[PDB]
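Remarks on the structure that follows.
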Amino acid sequence: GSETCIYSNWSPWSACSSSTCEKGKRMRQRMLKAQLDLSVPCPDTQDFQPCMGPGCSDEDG
């Protein structure tokens, strides 16, 4: 997980999959600085969290 891997600060998110107020997701990809285990790579280079397009908010959820 995040314990055996020491990565750089997360990259900025890409364009949100939903460019509208409809719930969607984003994509990111950081760089691995160091790993506590050289025999096991750190596949957590990328991540995905939900998003909402412009003119949207969490005022309803």
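Every chain in the structure tokens has a letter given in the order shown (A, B, ...), and although residue numbers restart at 1 in each chain, ligands are simply numbered from 1 in the order shown.
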Find the residues near stretch 1-16 of chain A: any atom within 9 Å, counting only C-alpha atoms, skip ones fewer than 2 places away on the same chain, and give them as a PyMOL selection string. chain A and resi 18-20+24-37+40-46+48+50-53
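Within chain A, residues classed as strand (DSSP E) by DSSP on backbone coordinates are residues 5, 6, 7, 24, 25, 28, 29, 32, 33, 34, 35, 46, 47, 50 and 51 of chain A.
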